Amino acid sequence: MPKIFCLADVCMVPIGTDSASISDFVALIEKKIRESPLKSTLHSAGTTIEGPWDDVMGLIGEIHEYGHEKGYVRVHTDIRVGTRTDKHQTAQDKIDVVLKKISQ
């Protein structure tokens, strides 16, 4: 169980539901993610979660189990995650650097 800091952007969708509309599933998991003390930011194509590796990946796993507990039979997830040793950077720090450079 590694504890390295990481930034993980997750996009989770249910497979096999009766409708192409899945906002119920997204809202369901988002509420669960916001209950965690880990910092998270919701956007249109997913949610960015930050913190120690084990806690972040642990939460995503719990969300899957939560989905299954709520009746969803299959969950498909895409995770973009990065770790680095040169500096500590939150999701907000990341966008702040870009925005600054763009206006320059």
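Don't overthink the numbering: it's just position in the shown sequence, from 1.
K.L.:
Going by the average Cα B-factor in the PDB entry, point out whether 2-10 or 95-103 comes out higher.
P.N.:
Here the higher of the two C-alpha B-factor means belongs to 95-103.
K.L.:
Regarding 76-84 and 14-22, which shows the higher C-alpha temperature factor on average in the entry?
P.N.:
So the stretch with the higher mean C-alpha B-factor is 14-22.
K.L.:
Just the C-alpha B-factor column, please: which of 58, 51, 67, 37 has the biggest number?
P.N.:
Across 58, 51, 67, 37, the entry lists the biggest C-alpha B-factor for 37.
K.L.:
Which third of the chain does residue 33 land in by C-alpha B-factor: lowest, middle or highest?
P.N.:
Highest third - that is where residue 33 ends up once the chain's C-alpha B-factors are sorted.
K.L.:
Determine, from the deposited record, the chain-internal third of the Cα B-factor for residue 42: lowest, middle or highest.
P.N.:
For residue 42, whose C-alpha B-factor we compare with every modelled residue in the chain, the answer is the highest third.
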